[PDB]
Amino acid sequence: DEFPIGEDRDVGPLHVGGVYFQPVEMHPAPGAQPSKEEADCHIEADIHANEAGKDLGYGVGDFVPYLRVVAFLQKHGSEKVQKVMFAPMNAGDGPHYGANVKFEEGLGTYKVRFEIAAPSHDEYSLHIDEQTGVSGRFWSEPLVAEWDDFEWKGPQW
């Protein structure tokens, strides 16, 4: 089972969903994420183009690759913030941005914020000529999708 972090958000050209479920094993194991055994769960950000995404050239529903996605978790009652760097990966059901996560502050209700940066100038381009190009341009400040009352009560699996 997948469990929602909250209701899907539309922000700019992106439709953004968040879900969590059991920790997974990834190859290669990304960055500094906890192993399947060490982690509390896996959290994924599903990011697909919405209608406004067409101005950048995307088809509506297309996965949007080359983004840099980071999550920030803050337990209600705490001033501590945990930063989670998501990584691009495929599961059985396709390309996602995801991470194994261990909640440093434990059980409780959290504010969960996804900050989504556009592809680096070095890593992606847009056709901009009249004939073949697109009208839109990538966003400069990261797009934000946030849920304010995410309840972490331990594994639901």
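Heads up: residue numbers just count along the shown sequence, starting at 1. Here the rigid core means the biggest group of C-alpha atoms that line up within 1.5 Å when the two forms are laid on top of each other.
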Output the stretch, either 125 to 133 or 59 to 67, that has more C-alpha displacement from this form in 5 other deposited structures of this protein following superposition by the rigid core. 125 to 133
Quick check: 33 to 41 versus 127 to 135, which has the larger average CA B-factor in the record? 127 to 135
Given 115 to 123 and 95 to 103, the range whose Cα B-factors average higher in the PDB entry: 115 to 123
Out of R68, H27, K54, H48, whose C-alpha atom has the biggest B factor in the entry? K54
Place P88 in the lowest, middle or highest third of its chain's C-alpha B-factors, as listed in the PDB entry. lowest
How does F150 rank on Cα B-factor within its chain, lowest, middle or highest third? middle
According to the PDB entry, is the CA B factor of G17 in the bottom, middle or top third of its chain, that is, lowest, middle or highest? middle
